[PDB]
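Heads up, the chain below is alone and in the form deposited in one PDB entry; it's given as structure tokens.
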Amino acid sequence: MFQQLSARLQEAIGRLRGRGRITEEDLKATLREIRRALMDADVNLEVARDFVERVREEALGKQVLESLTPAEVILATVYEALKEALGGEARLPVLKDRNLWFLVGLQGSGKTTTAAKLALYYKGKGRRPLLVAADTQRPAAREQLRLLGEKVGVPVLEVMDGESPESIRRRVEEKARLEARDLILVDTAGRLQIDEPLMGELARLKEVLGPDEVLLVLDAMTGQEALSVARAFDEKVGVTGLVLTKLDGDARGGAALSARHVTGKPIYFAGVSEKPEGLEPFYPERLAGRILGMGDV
């Protein structure tokens, strides 16, 4: 995972191991090495500086200059800083008796497949999901979700071309009633770039449907551009959480590493493979360990 960084961070720590106690200037050099590794993983300057400051403080508070094994102290403190940067404690959207969640994002984020994989996850946890294919302009996008729903065994409502939000809301509520659906997953329109008309429609769909989560699906491999997509969707529509797809293809992790700081939104799920069960709850502590080479490989 995040191969270059992980290698980079492990290299920085390992360059310390077996060489006894270090000085404050030595601690300085390692810290600069970490900061550069993060920046090369596309982390912005402020986020990287904050990370390194966190590590400095916490390492001092653990006697890194007294330790005959300071590499281990740096390992532990880089692991805590990674854990917090990645979100801290693991987070999932809250479940009430009934839920209505939007999935938003660009064409290419894997949003539509993600909607189906989410429905499957929640069905397995005992939910009764309904997928809603809400693109009112592109029948093919709706048909794609129809056939994904058939694969994962989850029902799909398809909107009509040009259907009003009020008509959508009514057809959704009725189907949800009749089928005892308790988790409605609305796959909104995906485009290659955002423009004013869809955003307007979506912000409008949000007013009418009143979702209680708005999950933004981002291709993790887009690094900083994912964060720019996130602020556009958050200011124009309003987001509640993130899903990062193709986390297996991302050698760097910079969007992931920066999301809490920059967006203030949690990463709920990771797409880590093309398997149906490739969409997994996101586990910052687990991922921090992995980046540092601990645990399973």
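One rule holds for the numbers: they count along the sequence shown, beginning at 1. Rigid core: the largest C-alpha set superposing within 1.5 Å between the two forms.
Taking only CA atoms, the mean B-factor in the PDB entry is higher for 189-197 than for the other of 146-154 and 189-197. For the segment pair 218-226 and 155-163, the entry gives 218-226 the higher mean B-factor, averaged over Cα atoms.
Highest C-alpha temperature factor among 232, 259, 38, 27, as the PDB entry reports it: 232. Of all the options 139, 108, 129, 126, the entry's greatest CA B-factor is assigned to 108. In the deposited entry, the Cα temperature factor of residue 210 sits in the bottom third of values across the chain's modelled residues. The deposited CA B-factor of residue 43 belongs to the middle third of values across its chain. In this PDB entry, the Cα temperature factor of residue 61 sits in the top third of its chain's modelled residues, the highest group. When all modelled residues of the chain are sorted by CA temperature factor, residue 50 is found within the lowest third. Ranked against the other modelled residues of its chain, the C-alpha B-factor of residue 94 as given in the entry falls in the highest third.
One more form of this protein exists, namely the form deposited in another entry; it is left out here, but the text below deals with it.
Just one of 132, 74, 217, 115 moves its Cα by 2 Å or more between the shown form and the other one on a rigid core overlay, and this residue is 74. Core-superposed comparison between the shown form and the other one: the Cα of residue 171 travels less than 2 Å. In this overlay on the rigid core, residue 279 has a C-alpha that sits less than 2 Å away from its partner position between the shown form and the other one.
Positional change of residue 104 between the shown form and the other one stays under 2 Å at the C-alpha, relative to the superposed core. Annotation: residue 227/residue 279 CA-CA distance longer in the other form than in the displayed model, change of at least 3 Å.
Look at residue 10 and residue 268: in the other form their Cα atoms move 3 Å or more farther apart than in this form.
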